[PDB]
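See below for the structure under consideration.
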Amino acid sequence: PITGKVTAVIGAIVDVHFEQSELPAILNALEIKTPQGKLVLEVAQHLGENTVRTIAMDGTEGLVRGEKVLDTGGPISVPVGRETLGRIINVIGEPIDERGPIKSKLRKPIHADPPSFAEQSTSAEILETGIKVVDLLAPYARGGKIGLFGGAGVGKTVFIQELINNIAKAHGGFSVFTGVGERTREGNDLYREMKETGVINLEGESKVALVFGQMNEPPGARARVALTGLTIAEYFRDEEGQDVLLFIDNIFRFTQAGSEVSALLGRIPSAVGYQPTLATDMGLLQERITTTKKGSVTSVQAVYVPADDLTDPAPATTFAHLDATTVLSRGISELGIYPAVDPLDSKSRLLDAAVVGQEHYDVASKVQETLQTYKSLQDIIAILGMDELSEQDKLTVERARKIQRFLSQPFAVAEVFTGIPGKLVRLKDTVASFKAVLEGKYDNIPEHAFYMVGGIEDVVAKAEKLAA
Amino acid sequence: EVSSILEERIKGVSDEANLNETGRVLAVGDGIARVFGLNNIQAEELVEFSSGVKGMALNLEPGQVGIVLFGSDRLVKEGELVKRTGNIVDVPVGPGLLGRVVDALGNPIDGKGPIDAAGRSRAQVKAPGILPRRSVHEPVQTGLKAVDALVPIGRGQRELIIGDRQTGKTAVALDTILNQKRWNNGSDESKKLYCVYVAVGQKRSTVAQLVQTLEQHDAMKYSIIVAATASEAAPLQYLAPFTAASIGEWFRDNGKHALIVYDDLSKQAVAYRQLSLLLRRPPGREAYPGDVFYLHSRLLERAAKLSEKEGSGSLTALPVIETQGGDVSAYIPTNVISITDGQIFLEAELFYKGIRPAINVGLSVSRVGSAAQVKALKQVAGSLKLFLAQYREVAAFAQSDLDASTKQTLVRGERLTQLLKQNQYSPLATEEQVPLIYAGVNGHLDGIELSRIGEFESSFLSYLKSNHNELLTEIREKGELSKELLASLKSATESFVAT
Amino acid sequence: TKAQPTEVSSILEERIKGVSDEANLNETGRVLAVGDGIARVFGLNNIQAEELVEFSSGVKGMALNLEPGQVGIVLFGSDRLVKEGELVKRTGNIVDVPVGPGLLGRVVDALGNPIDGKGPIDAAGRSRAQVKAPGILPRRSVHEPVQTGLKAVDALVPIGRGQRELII
Amino acid sequence: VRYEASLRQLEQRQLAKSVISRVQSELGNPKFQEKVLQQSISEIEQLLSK
Amino acid sequence: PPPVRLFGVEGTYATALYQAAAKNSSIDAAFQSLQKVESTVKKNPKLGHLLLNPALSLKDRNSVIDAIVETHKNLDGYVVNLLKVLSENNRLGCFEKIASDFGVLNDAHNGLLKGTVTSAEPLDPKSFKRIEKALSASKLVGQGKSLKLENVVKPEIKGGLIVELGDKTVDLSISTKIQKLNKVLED
């Protein structure tokens, strides 16, 4: 029985003295029996003399030195299973959905090593999406990192909700929304809302699994929520063959949590107050986000940058990982578009000609040129007058404002919220719609016939209905 | 006499001093005694010196246990016996602190008798869970009309009062507390918000004035003032909001509602900086300790509106952050802004231009917002938001030949800006906020000359009070504005406008 | 007063118990405190500077800090693998990597492990990682063509062979 | 009333300094010896009850 | 590891010595030889106190060791290896410190409490004995632990008496009672 006695409690950095030759290995998980149930300490050093230095996950307030510790023997093993979908789970893999003990199959270590070069994606793949704006100008990609920008609420969370619905149709996938630095009140609303919109139904089926990591939870537990979440996803991917889409919240709070743990460990935080092991921490996490031969994880991450500084090293490191960036605009939401997506500031690097198909690319390039010209033209056209438009320019304006309306396409989750049943639009059919709009088949069809509709088929119906 | 009573009390102590574990200071420098002993001590536990000093034990190191002294070093010297009290910090909690200005320990610094409160409960305890909360929907009305309309506040939520130094930041806060007297008088205990003002680093003369003002407005009997004054030591300052929160928990747990105003966490930060540096822990960004985010977050999620199974209660909070140059970009402001759910950012220029409240409408947001807004006030001030938006754009149009629409906006907007002035230290009733804003919405006030707006306001209120306090009470009690009431109001306003 | 690596109580105990550990510390070491991806090893007294050592974890490291009584290896490997009091054996060679002709059409990692896994690497030799730059005397002016196929970078940037040219 | 409250405070601090004079009296007296015996035996009784 | 953990800094040498000689079960021998070399330290005060100062070489330090072991051959053998260690580590200021630490550690292994009854006066032997009896009677002594009890005179303790042993004290003082009096008769 590998046991050791607490020999320090300076902060949440608890040094434990183990009897000789009965030493845990680094990254092992220790459990200290406590009236707090357990305190999980993760061994992060060997200080020698048969003592270690560990970090704590659960708070150490009122800890008494010399208390016996028991060594689990390896990085925390968190429950996994289809059963575990629809559970709000704390870092230590215990229900915080409060609907009692998680029904589990197998439990698995929170730390895991990135798959081999061979088991990394050898050729790109384009994950299907149902938002047309997404499907043209930043098509999702399997194993991809898609970094959200723009406000929450009617912004990010509703968008995230839509994706879960779409994913369920798209594959039949699952998700795990991991929320780091989560305001627990807002999280409650999200959980209740997620229940209401039925992406979680525990009287039914719950696709998304929730891991909420509140800000009041210690920094160590803030750091470890992500690694746990990825493991859950990986059980689906590798061992249930699934394709999943894993939401992560703020990576500012990912950085923030890690930075503290480094500083506590005594490691000199590099410039702009960010840990020396900054690169590696993203590196391990975001190289476990990949398309394996068994399945593919795909991760939608939320990238909240502090002070709008993209020059900050942590955002830069994020952008290195990011394959796409989705930049929600509030101006766009104000143009009556839900999608709230800013099409000209939404960009993906997987958008290249061959990558998305030549037709798709050419259509996209035209739509980009159309929108780019529409905006620029509208700048001085508004000032000069709309009648100062050329025949070509007002053809473009006519088409463009029709495209602007065409962007409006309710979201399935937002069936209640907008009041209009969502319009799911498949990627091929999105291209088809734009080919026709480019060819002006719908430039004789009214603007608000494109308002709040989906694909080509949908706007055939609405074209008729707007008139009739 | 009184002396005899004290001597009797002294006779009443004689307890066996078998101190299971004692300590001896090895060296004491910088208020960081390093003690030999204290084998079984709990972390952060309260320790009593020979000097009588109180401490917490942040560092439990193997060879020495590094007490951080709450007390002054003046009497402390090496070798001092360190009795182990064996109790982690706890403060009296209960309704006993209503109208009681107490220090962190619980000593009544106003000396309004030894605090007799329900229980003494520990200073730090972890924040309510997901399921232990239910969403906010209950308003709270600060009397400040602009606050109530532009950024409507609710219960068990956090939302900043972030603004520039000595703009009477405390004055803006104090106004809310004063309006809580009206609601306090009211029977419902959600309407009884038992306010807690946490005066951090604030000089005792200033807090004495605060206390006196509170006494003048007879507010000390729902108010609680947790005081860590300028002199009060950095451990006391550090634990001061945590200590305060626990007091709030009794109310919250009792299902009641209450409002805790942490003023200012910026001075809390400095105390933590002092502490961290004294323990030689590396100072984080902007030389403010790295776990300041963690510290503030631990405190700030205790502000929560509990679920109805947890007896629908709350601890509303309104943290005050001092912006040194107005920089919300400053590390502590940026962090706090992220943590909280809304901010109100007072504008120094407006303050200078005598517009008190000095609120920067754009840089004030409430995320809960209109969910926690009176329906009546919501109806008659949705318009106000849009009007002000135009007014902001047409602010620069004050540099003239202007479009008639623009010139109208400018007139309407200027009258509105004056209307939202509310002289400091005079709250207003909600039943009197709603008619005035309705008038402005209907453009009735636009016609009234700017100088005569003031005369109009008080007069209109009395005119309404005389003409139809039946309407006012009806409006107040219904809390909604029906088409019939708004109709009558438009008419009533017309009648008043004529005079 | 001061902290010396021999003060480590198990080491200290051997010295008290007679003396040392029978010259096992000249060519094998046993790991002391470890973490931060660097290890402090006791022994390895015949360690060459910048040698490659193989730990029994399989992790190999390059000796960086040769200090009296201790050597601070740098672990080319993950921390979890390595554990304290592990026996480190000298590779006996300065850090070298296999070099040869049969790396054309090969993906290797930095240790020369074929991560394309197109079998073992056909490498004539191994050669030390650091090797001195050719001096002034073994240098000769460039004149060979390197054509990039990008007109700008092949008419405004002339590139030839054996050069040092930044792409920023 | 103000001078009355002030006078009460003043009386107690004056009488406090008179207590300091009594403290000096106790620590001089061989009541210091006899009460040390009382304290000694009291600790014997108390600590034996532990 | 062997009983009684001492977290002494340079006392790590004493700890090591203890466990090393405990595992060779030559601890009584060690203690006795340590007493003898400690005695020869006290009985070498000129340049054995006045050249415990760090100015010795390696070679000169070694020769100080050689002169000491010429003075007596009553040495544990493990402490001759320890003498070597202390010369090489040039530990000489905490040399009697190590001796004291091993002595405490050793006699703790043997079992022996220490104690003191600091007082404002030098108490009677009758008092010493009566208190010692009392202390043995109290469950504080559970046997396997003996006692040293020295009443000391300290003017600093004003009022009462203070018993100390086993990190357990009863501290009677006037000062605490004075304190309560002062505070309340000023407020």
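Only a single criterion out of (1) crowded, with 17+ Cβ neighbours inside 10 Å; (2) within 23 Å of E:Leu165 (Cβ to Cβ); (3) more than 14 Å from chain A (Cβ to nearest Cβ) is not satisfied by B:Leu38, namely (3). Every test in (1) among the hydrophobic types (A, V, I, L, M, F, W, C); (2) closer than 19 Å to A:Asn50 by Cα; (3) surrounded by fewer than 17 Cβ atoms within 10 Å (Cβ to Cβ) is passed by C:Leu66 save one, and that test is (2). Taking the residues in the range A:24-49 that are among the charged types (D, E, K, R) and touching a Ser or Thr at 6+ places or on another chain (Cβ under 9 Å) as candidates, determine which candidate is farthest from the other protein chains (Cβ to nearest Cβ). Among residues in the range A:24-49 that are among the charged types (D, E, K, R) and touching a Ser or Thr at 6+ places or on another chain (Cβ under 9 Å), the one farthest from the other protein chains (Cβ to nearest Cβ) is A:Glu31. Is one or more of the residues making up the range B:234-247 assigned by CATH to the domain that holds B:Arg120, in a loop (DSSP other than H, G, I, E, B) and either buried (at least 18 other Cβ atoms within 10 Å of the Cβ) or not basic (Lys, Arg) (or both)? No: zero hits. Residues of the range A:220-268 that are more than 20 Å from the chain's Cα centre (by Cα) and under 25 Å from A:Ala12 (Cα atoms): A:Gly220, A:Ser259, A:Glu260, A:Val261, A:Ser262, A:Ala263, A:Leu264, A:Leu265, A:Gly266, A:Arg267, A:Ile268. The conditions of being of a type outside the set (A, V, I, L, M, F, W, C), within 14 Å of chain B (Cβ to nearest Cβ) and buried (at least 17 other Cβ atoms within 10 Å of the Cβ) are met by A:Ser262. Residue count for the range A:133-180 satisfying the condition of being not in a loop (DSSP other than H, G, I, E, B) and not β-branched (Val, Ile, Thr): 20. With respect to A:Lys5, is the statement that it is surrounded by 15 or more Cβ atoms within 10 Å (Cβ to Cβ) and of a type outside the set (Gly, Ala, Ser) true? Answer is yes for this residue. Among the residues of the range A:261-299, those that are within 25 Å of B:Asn335 (Cβ to Cβ) and part of a strand (DSSP E or B) comprise A:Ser270, A:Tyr274. Just to be sure before I move on: is B:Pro92 within 27 Å of B:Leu210 (Cβ to Cβ) and either of a type outside the set (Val, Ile, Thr) or more than 14 Å from chain A (Cβ to nearest Cβ) (or both) in the structure I sent? Answer is yes for this residue.
A residue that is outside any loop (DSSP other than H, G, I, E, B), among the aliphatic types (A, V, I, L, M) and buried (at least 22 other Cβ atoms within 10 Å of the Cβ) occurs somewhere in the range B:151-161.
The range C:71-135 holds strands (runs of 3 or more DSSP E) entirely within its bounds, and those carrying 3 or more residues that are touching an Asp or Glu at 6+ places or on another chain (Cβ under 7 Å) map to C:87-94, C:125-128.
Determine whether the range E:133-148 contains at least one residue that is under 22 Å from B:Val25 (Cα atoms), loosely packed, with under 15 Cβ neighbours inside 10 Å and more than 8 Å from every other protein chain (Cβ to nearest Cβ). Looking for residues that are under 22 Å from B:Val25 (Cα atoms), loosely packed, with under 15 Cβ neighbours inside 10 Å and more than 8 Å from every other protein chain (Cβ to nearest Cβ), one finds none in the range E:133-148, hence no.
Checked against the criterion of being among the aliphatic types (A, V, I, L, M), in contact with a strand residue (DSSP E or B) (Cβ under 8 Å, 6 or more places away or on another chain) and within 8 Å of another protein chain (Cβ to nearest Cβ), the range B:307-327 has no qualifying residue.
Restricting to the range C:33-59, name every residue that is closer than 28 Å to A:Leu278 by Cβ and either part of a loop (DSSP other than H, G, I, E, B) or more than 17 Å from the chain's Cα centre (by Cα) (or both). Of everything in the range C:33-59, those that are closer than 28 Å to A:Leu278 by Cβ and either part of a loop (DSSP other than H, G, I, E, B) or more than 17 Å from the chain's Cα centre (by Cα) (or both) turn out to be C:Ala33, C:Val34, C:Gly35, C:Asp36, C:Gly37, C:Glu50, C:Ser57, C:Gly58, C:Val59.
Note on the range A:68-91: residues that are under 19 Å from A:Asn28 (Cβ atoms), within 14 Å of chain B (Cβ to nearest Cβ) and surrounded by 21 or more Cβ atoms within 10 Å (Cβ to Cβ) total 1.
When each of A:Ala320, A:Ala314, A:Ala364 is tested for being part of a helix (DSSP H, G or I), more than 16 Å from A:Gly150 (Cβ to Cβ), outside the structural domain of A:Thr129 (by CATH) and aliphatic (A, V, I, L, M), the lone residue that passes is A:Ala364. The residues on offer are B:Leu26, B:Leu97, and the sole one that is on the phi < 0 side of the Ramachandran plot and in the same structural domain as B:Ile247 (by CATH) is B:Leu97. Kindly evaluate A:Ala324 against the criterion of being within 14 Å of another protein chain (Cβ to nearest Cβ) and under 18 Å from the mean Cα position of the chain (by Cα). No, not satisfied.
Screening the range E:1-92 for helices (runs of 4 or more DSSP H) wholly inside it with 1 or more residues that are within 14 Å of another protein chain (Cβ to nearest Cβ) and under 21 Å from C:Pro68 (Cα atoms) returns the ranges E:12-22, E:58-71, E:78-89. When the range C:111-150 is filtered for residues that are charged (D, E, K, R), surrounded by 10 or more Cβ atoms within 10 Å (Cβ to Cβ) and over 30 Å from C:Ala49 (Cβ atoms), the ones remaining, listed by number, are C:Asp116, C:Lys118, C:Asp122. Looking across the range C:19-42, the residues that are within 21 Å of A:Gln20 (Cα to Cα), among the small types (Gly, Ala, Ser) and more than 12 Å from chain A (Cβ to nearest Cβ) come down to C:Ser20, C:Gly29. Looking only at the range C:7-37, residues that are buried (at least 16 other Cβ atoms within 10 Å of the Cβ) and either within 24 Å of C:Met62 (Cβ to Cβ) or not small (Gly, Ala, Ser) (or both) come to 20 in all. Does A:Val52 fit the bill of being closer than 25 Å to C:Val41 by Cβ, more than 8 Å from every other protein chain (Cβ to nearest Cβ) and part of a strand (DSSP E or B)? Yes: the conditions hold for A:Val52. When B:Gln433 is tested against (1) of a type outside the set (A, V, I, L, M); (2) closer than 18 Å to B:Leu144 by Cβ; (3) over 29 Å from the mean Cα position of the chain (by Cα), exactly one condition is not met: (3).
Filter the range B:260-298 down to the residues that are at the interface with chain A (Cβ under 9 Å from one of its Cβ atoms) and more than 23 Å from B:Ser329 (Cβ to Cβ), then identify the one that is nearest to the chain's Cα centre (by Cα). Ranking the qualifying residues of the range B:260-298, first place goes to B:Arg298.
Which helices (runs of 4 or more DSSP H) does the range A:384-449 wholly contain that include 3 or more residues that are outside the structural domain of A:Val199 (by CATH) and under 16 Å from A:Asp135 (Cα atoms)? Where helices (runs of 4 or more DSSP H) fall fully within the range A:384-449 and carry at least 3 residues being outside the structural domain of A:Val199 (by CATH) and under 16 Å from A:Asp135 (Cα atoms), they are A:391-407, A:427-438.
Is there a residue being more than 14 Å from chain A (Cβ to nearest Cβ), closer than 25 Å to A:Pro75 by Cβ, buried (at least 16 other Cβ atoms within 10 Å of the Cβ) and out of contact with any helix residue (DSSP H, G or I) (no Cβ under 7 Å at 6 or more places or on another chain) anywhere in the range C:43-61? Yes, the range C:43-61 has at least one match.
In this analysis, Cβ positions are derived from the backbone assuming ideal geometry, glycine residues included, and neighbour counts consider all displayed protein chains. The values are calculated or read from the model by the stated rules, or taken from the named source; none is laboratory data.
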